[PDB]
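Chemist: Sequence unavailable; structure follows:
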Ligand SMILES: *[C@@H]1O[C@H](CO)[C@@H](O)[C@H](O)[C@H]1NC(C)=O
Ligand SMILES: *[C@@H]1O[C@H](CO)[C@@H](O)[C@H](O)[C@H]1NC(C)=O
Ligand SMILES: *[C@@H]1O[C@H](CO)[C@@H](O)[C@H](O)[C@H]1NC(C)=O
Ligand SMILES: [Ca+2]
């Protein structure tokens, strides 16, 4: 769901048409951790990480 | 007061020793074992092609297949290539060899035909397996009566104490089966008897057990589980954790694990010396209620823990052979209950000892004044509660009689009481209350707020302040004689 | 000794409690709630979400009459849903109708108010607010029947209502509806065609009753819709269950014996009071318990008189249960039932309070009672000042926030809002935006002064009185 949000409200906001003084293009730095995440097994919906 | 000071110091030292012994009774090397037994043992996927949990059953056939797979996998240890691989070699102490000889899993059936269906309901409701109940328990085993697994008898082989839970006590009416060797009839013969549907419309609840057999001190640990069979398939499980061992001690590292505890019990023996001398000689039947709020229970405070330890150490170690040999299987009817009772008694004794030490930590003047203040006004404080409750119940009755027809908050008497308590703690609605009765509705709320809050919340603090000031003045007038 | 009077008082309390528990019955609240859900929560039509509780226009009211009203008044017990071989918990309202419902309207006449001559060239119609002297008593529209002809209160057997805005009389233009849906709908459509709710209409009442045929309790339903002179719609409702069939089983015959015992107890208390007032200490009203038994006696006499009146008027209901060609006038029965319930609740409260006289035996309770009675003049004297300040603040709030808050719309509403503020149940989102200045000043000064000074003074009075009483009672002992 991040991509529709970025395409709808982010990109028209950063570029715009004579609006939104930006002062530097945005960035999308991400961390990898190089390990496949295990999906949460069903249960009481634990609130841990 | 030198003798009194010495006695107080000795009592404090004895209490500290007892607390240290209680803390040592909660020693380490058991949290990891409990976590392994609760997260790996009896809780693991059947295979790598499924994502269901141990208690995530939703269909009868699926639940039966998952249970069979879990029983087949858990009855044998891992590979562990460090021996001749005779029969399920185990080389771990982490919920691995959790078999302990022949298993005994029972399945109590659900009676069908509790009540007749409607007359107009023809050919619609004929077979109706009622919920699991013990008042109408029925012996409904499989039709091919052969062996111990095809019977439905009393609880002579169930070994259950009591449940007192959601529905009623546990019922032993079922088929108690046995497990052969790991590679004999416990690896590829669980589903060989699929002709009789275990997860059919004639089952109520499946009870299973799992030992440890991976503990150095006699490997004495066995937990149980009960999965209720729903009317639409699946199973809802309920269980606990029972990881433990024997009380074997090695003098190299555990020489004083419980040696001083008997010496600590000797301190109670010292309290015995004054037990028969402080009642029948001086102050006969006087310091029993107004001053013995904690002295009376102090003598028997540690008696329960000592008795539990004696009954669990010197009385259960004789029959701790655990010689199964594929023909013997002792249940855990008394082990789990004894462990739970001992843990509860130890926790209660620890809490009581902490409270008593906090009371003994009141050697300073401020805490002693606080303790004396609340003890010299207990009768007045309890007497005022009678008037408070009388007025509260009068208002509750008035509210129930007036608004108890058109307001959901005052529908019943307990709802009225809870609503009034919520009103006290700043949770007034006043929306439907005012519109339910334009007159006598606001009057009730206003008079309640005024009278209750002002008058009674000030009587409470007036009593407390009066007794506190009296204690302070009494301690102040003691100086300079 | 006082033991005999203690026993008599406990017997009286037991009789009163068992009588109240018997008359309270059960599942009446569920019946009322189902009535409210059926007639108030369902939308007027599948294409709209406006229920009766949220009426906002005359057209919405017209849509409701053919919509939620009819769809829910004529055998809405339809078990077309997934009922389990029988009527489910929700559907237990077969609710046979007791005859025909009645509709009535109250309106004013053109020219009730005089418009200024400056605007007289621009405005022609002036309809005043509702008043008895300004009511319209002339035929209008197709003047043919009872819906377009004024009928006096005497000819209609009406009474005042005391609505939300004003108190509406019992006259008006009325119509008696029919038994079957497909003709009542036609009558309402004919009413809607020839416009029936003009600009001069100020109130509309709908009345009917049901029996439910299986729990043995009638239900009287009244729905009011009033249109203020400023434009808009204000709805209100009244559901009252009744149980006058009080002879079916052996249980309810015990209540007759309980009523007889209560009457004997009241007679005994009356004769005791009249004998003790005369010979012993004429004008003995100095004490509290002396002025408390009179209240109980008077309230019980009023309650038994109201119950006798209800029993006498019971016969007016039963004679037409197989007749469904006349409107059943059950308003008086519901009103007197409400009055009886209020009186019974108040007298039960006072009887429970009277128990404080007997628990004065031991030293603790006697000391507490003496402390309570000693701090009575001081508490009243300071409550006078407290309420003077409270009323000053309430009047200031009424003058400032009286038009645009809805919590200070009326003076009593201001008082209750202040009482809730003491509980910390304030919004303060609308108070600040209603008046940015003089609004927050009110809140801050009220909170500070009220809590700190007045609560501390109330606590201090009681504390000092308790200390003095304890010191006096300690000094009077061990000194003789
Ligand atoms: C209302 O009364 C005034 C008084 O003269 C008249 O001019 C006007 O036409 C009337 N309006 C209606 C609708 O009757
Ligand atoms: C008015 O007269 C009668 C009611 O008395 C009714 O049947 C008739 O249809 C009405 N006339 C009109 C034009 O509505
Ligand atoms: C009012 O009461 C009288 C009493 O006889 C009755 O005749 C009349 O029909 C009642 N009014 C209405 C509108 O039913
Ligand atoms: Ca009296």
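Modeler: Alright, I've got the coordinates. Numbers count the residues shown, from 1 in each chain, chains lettered A, B, ... in the order given. Ligands and ions are numbered 1, 2, ... in the order given.
Chemist: host element of residue B:225?
Modeler: Using DSSP states H and E, residue B:225 sits in strand B:222-228.
Chemist: Where does chain A get nearest to ligand 3, residue-wise?
Modeler: As assessed by Cβ to the nearest ligand atom, ligand 3 sits closest to residue A:45 within chain A, at 63.7 Å. To be clear about C-beta, it is placed using only N, CA and C from the backbone, and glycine gets the same treatment.
Chemist: residues contacting that residue?
Modeler: Applying Cβ atoms under 8 Å, 6 or more residues apart in numbering or on different chains to residue A:45 gives no contacts.
Chemist: Equivalent analysis for residue B:226, please.
Modeler: By Cβ under 8 Å, 6+ apart, the residues touching residue B:226 are B:170, B:205-208, B:237-239.
Chemist: Not counting sequence-adjacent ones, nearest residue to the residue of chain A found nearest chain C?
Modeler: Of all residues in chain A, residue A:42 sits closest to chain C, with a separation of 28.6 Å (Cβ to the nearest Cβ). Distance criterion Cβ to Cβ, 6 or more residues apart in numbering or on different chains; nearest residue to residue A:42, sequence neighbours excluded, is residue B:56 at 5.6 Å.
Chemist: Kindly report the same for residue B:8.
Modeler: Residue B:8's closest residue in space is residue B:360 (Cβ to Cβ, 6+ apart), at 7.8 Å.
Chemist: Next: residue B:172.
Modeler: residue B:155 (2.5 Å).
Chemist: Quick one: end-to-end distance for stretch B:277-286.
Modeler: 14 Å (Cα to Cα, to the nearest Å).
Chemist: Centre of the chain to that stretch, how far?
Modeler: Relative to its chain's centre, stretch B:277-286 lies at 39 Å (Cα atoms, centre = their mean, to the nearest Å).
Chemist: before we move on, what about stretch B:351-371?
Modeler: Chain-centre distance of stretch B:351-371: 29 Å, with Cα atoms, centre = their mean.
Chemist: And for stretch B:409-416?
Modeler: For stretch B:409-416, the distance to the chain centre is 32 Å (Cα atoms, centre = their mean).
Chemist: Could you check which residue of the stretch 101-250 of chain B lies nearest ligand 2?
Modeler: Closest point on the stretch 101-250 of chain B to ligand 2, by Cβ to the nearest ligand atom, is residue B:120, at 46.9 Å.
Chemist: give the contact list for that residue.
Modeler: residue C:85.
Chemist: For it, give its distance to residue C:86.
Modeler: Note on residue B:120: its distance to residue C:86, by Cβ to Cβ, to the nearest Å, is 10 Å.
Chemist: how far away is residue B:211 from ligand 3?
Modeler: 85 Å (Cβ to the nearest ligand atom, to the nearest Å).
Chemist: Is that residue in contact with residue B:99, as I believe?
Modeler: Yes: with contact defined as Cβ atoms under 8 Å, residue B:211 counts as touching residue B:99 (7.1 Å).
Chemist: Between the two, point out the one with more neighbours.
Modeler: Legend: neighbour count by other Cβ atoms under 10 Å in any protein chain shown for residue B:211 and residue B:99, higher for residue B:211 (25 against 21).
Chemist: Name the nearest residue to that one, sequence neighbours excluded.
Modeler: residue B:100 is the one closest to residue B:211 (Cβ to Cβ, 6+ apart), at 3.5 Å.
Chemist: Give me the neighbour count for residue B:281.
Modeler: 9.
Chemist: Same question for residue B:294.
Modeler: Neighbours of residue B:294 using other Cβ under 10 Å come to 13.
Chemist: Check the one 5 residues further on too.
Modeler: Other residues within reach of residue B:299 by the criterion other Cβ under 10 Å amount to 13.
Chemist: Same question for residue B:210.
Modeler: 25.
Chemist: Run a quick check on it versus residue B:223, I expect a contact.
Modeler: Yes: counting by Cβ under 8 Å, residue B:210 does reach residue B:223; the two are 5.9 Å apart.
Chemist: Find the residues that touch each one of the two.
Modeler: The contact lists of residue B:210 and residue B:223 share residue B:42, where a contact means Cβ under 8 Å, 6+ apart.
Chemist: Going along the chain, name the strands of the stretch 101-250 of chain B.
Modeler: B:106-108, B:205-211, B:222-228, B:236-239 (DSSP state E, counting those that start in this stretch).
Chemist: How about chain A?
Modeler: Ranges of strands in chain A, per DSSP state E: none exist.
Chemist: related to what we said a few turns ago, packing partners for the host helix or strand of the residue nearest to residue B:8?
Modeler: Assessed by DSSP H and E, residue B:360 sits inside helix B:335-360. Helices and strands touching helix B:335-360, by 3 or more Cβ pairs under 8 Å, 6 or more residues apart in numbering or on different chains; DSSP states H and E, are helix B:2-25, strand B:222-228, helix B:303-313.
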